[PDB]
Structure formats: structure tokens, C-alpha cells
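Here you get one chain, nothing else, as C-alpha cells; it is the form deposited in one PDB entry.
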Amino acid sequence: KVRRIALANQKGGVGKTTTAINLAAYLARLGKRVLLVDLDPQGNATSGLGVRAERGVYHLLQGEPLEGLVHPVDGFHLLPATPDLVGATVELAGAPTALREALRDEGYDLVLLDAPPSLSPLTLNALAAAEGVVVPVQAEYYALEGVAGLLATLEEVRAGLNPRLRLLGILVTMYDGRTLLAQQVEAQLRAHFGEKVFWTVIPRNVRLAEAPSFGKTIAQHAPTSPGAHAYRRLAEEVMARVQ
């Protein structure tokens, strides 16, 4: 049963964090108890939610209880990241199952882990603790090789650190509807990865791009904008795959 979902890609980007934030927002609206964990030392998800805490995931790995670290936001709970997270990576290196053993989130239906790019010990800890992975990529030709690399990594992590790790799906984000180039890249992603690619595609849209600067989810910022409708649908497609 997929309960923990890691959001990860090779190069990171706004699409990944925007996906973590909004997937969480809509899964919550579907009536799910959801925990979003910002595992990036940069704290993009945390900042994208207008949160400013001095206690975060580092303390979770540092022993301090979860219930007193989570911040309620837009219907779900966030375990924030701080510039303190950086410390644990030095030590998490060589300790891949750290996060997993420290994630006493049995009280949630779904747990989303916003992993940093470039496979750092934090990214690895996310992959070692998750059961499903959503790979958010931009509609650019590099995504073909970028995804291939990440899938090979997932295979190796499944084989040596986490047997229940599986790809939930590849998500095309920042689809530039102004061009036909976007169409061509998507077509090639589907031709090469097939059913692994979600049918729901997130469009490039001004309101979606600005939501993080406002520190609000797209549901809060512009609930009827194209990106909001797409993320609402994605939550449904993600639940369909989980089931």
C-alpha cells in the first residue's frame, strides 16, 4: 500500500516543488490526512507555503517528536525545512534509512516528501523511505535522459535499500502551450516511457508561477486558473494509481 510518495527528479526546479505543494493541497481536499515534508535544505516548499519556522525535519531526525513540529496549512500538515537541515546530510550520508525510521507518521493517510535534486543524502533518504515516486519534469528534451537516469537510480535503490520502492508516475510540468514544441517533447516522453507518464499535464501559467511568491497554494491563490484545475485532476489520477 503506497502511503509515502517522494517527489524527485534529477535537476529539481519549480515544477517539482509546485507539484509537491499543490498535490498536497488537493489530496487534502479529497478528504485525506496529508503530511508534506520539505527535505530540501533550500526550503522551497516551506517558503512556497509562507511558513517561517526555526524547527523542522532536522529536529525530527534529531529526536524531537513530529506532532510538535508540524505546521497546519491549507488543510494539511507541513514538516518544514530550515537552513539547519544541511547539518544532518553530513551524517545522513551512510545512513540512508534514517528518515524512514524517524517518520512516525502512522496518523496520516498520505505523506509527500519534497526531495532535493542531484541525489544528495536527503534525496536518498526520501527514496529509501517512500513506497511511490512522482517524477516531475519540464517539457524539454533533456527530460528524456533525465528521467532515464532517475529511473535507473530507483531500480538500484529498490534493489539495495528499499524493496517496496516503485515509480507512481512521470509528470510533465511547465508545459508551454504557446508552442508546438511542448507537444513534441510530451509525445516523445510517452513514446519512450509509455503508461508511466501521467495523462494529466500541468500547464505553464502565470498564476501558478506566482503562487509560491505569495506563499499560497494554487487552490488558495487562483482556484479556477488552469493550473488549479490540472492539479485537482492530478490528485485524482495519483489516487487512482495508488489504489
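Note that residue numbering follows the sequence shown and begins at 1.
If you look for the form solved in complex with a small molecule, you will not find it shown, but the lines that follow are about it.
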Note: exactly one of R29, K216, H59, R204 sits with a heavy atom within 4.5 Å of the small molecule in the deposited bound form, namely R204
Among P121, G169, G75, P117, just one has a heavy atom within 4.5 Å of the small molecule in the deposited bound form, namely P117
Just one of 80-88, 157-165, 102-110, 137-145 has heavy atoms within 4.5 Å of the small molecule in the deposited bound form; which?
137-145
If the criterion is a non-hydrogen atom within 4.5 angstroms, does every one of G132, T200 and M239 touch the small molecule in the deposited bound form?
no
Since only the chain is shown here, I'm wondering whether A222 would be in contact with the small molecule in the deposited bound form (any heavy atom pair within 4.5 Å).
no
Exercise: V34 in contact with the small molecule in the deposited bound form, heavy atom 4.5 Å
no
Please determine whether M174 contacts the small molecule in the deposited bound form, using a 4.5 Å cut-off between heavy atoms.
yes
Is there a non-hydrogen atom of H229 within 4.5 angstroms of a non-hydrogen atom of the small molecule in the deposited bound form?
no
